[PDB]
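Engineer: coordinates only, sequence not included:
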Ligand SMILES: *C/C=C(\C)c1ccc(-c2ccc(N(C)C)cc2)s1
């Protein structure tokens with residue numbers, strides 16, 4: 001399946017530290033962030049996505065259209081400008097963020113009753129598994 005709608009609660013988080021470090025997020029933010037359960041709210045209508053992740057102390061909001069390039073100012077994260085593009089490979093959703101960092105982006109897919117998120121930056125791979133609320 002390609003359907004990723006829902007409110008998703010984090011079950012496991014393998015190597016989040018490794019990924020955040022590759023982005024140059026400040027240590028103080030990293031230490032707090034690795035302990036926190038995330039609630040991911042995905043609103044997917046055709047090719048239009050509105051994604052909100054929230055925790056006790058941090059917000060992450062982004063709106064995008066699949067197959068349409070867009071200029072991003074990553075305000076709350078690392079404060080950079082990137083040219084972003086999101087597409088499909090079989091049943092895997094693939095984002096490439098073109099800019100300074102290499103291999104920057106992510107992949108999301110389903111196997112059984114879980115959502116896999118693979119976040120990449122450089123030579124690091126973070127694997128997160130979520131289950132539906
Ligand atoms: C496709 C889903 C993506 C890219 C994300 C979901 C949560 C994200 C996130 C949460 C929190 C932080 N910090 C720095 C607290 C960064 C990213 S990205």
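Structural biologist: Received, thanks. Residues are numbered from 1 along each chain as shown.
Engineer: So which bits of this protein are right by the ligand?
Structural biologist: 25, 33, 40, 51, 53, 58, 60, 77, 106, 108 (C-beta under 6 Å from any ligand atom). Heads up, the C-betas are built off the backbone N, CA and C, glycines and all.
Engineer: Inside helices: which ones of the residues you listed?
Structural biologist: Counted as lying in helices by DSSP state H, out of those, are residue 33.
Engineer: from the residues of the chain next to the ligand, which single one is nearest residue 126?
Structural biologist: Distance to residue 126 across those (C-beta to C-beta) is lowest for residue 106, with 9.0 Å.
Engineer: Buried only: go through the residues of the chain next to the ligand for me.
Structural biologist: 33, 40, 53, 77, 106, 108 (16 or more other C-beta atoms under 10 Å).
Engineer: The residues you listed in strands, which ones?
Structural biologist: 40, 53, 106, 108 (DSSP state E).
Engineer: and of these, the nearest to residue 8?
Structural biologist: Nearest member of those to residue 8, counting by C-beta to C-beta, is residue 40, at 4.4 Å.
Engineer: Tell me what that closest one is bridged to.
Structural biologist: residue 8, residue 53 (DSSP bridges).
Engineer: which residues touch the closest residue to residue 59 other than its chain neighbours?
Structural biologist: What sits nearest to residue 59 in space, not counting adjacent residues and going by C-beta to C-beta, 6 or more residues apart in numbering, is residue 76, at 6.5 Å. Residue 76 makes contact with 58-60, according to C-beta atoms under 8 Å, 6 or more residues apart in numbering.
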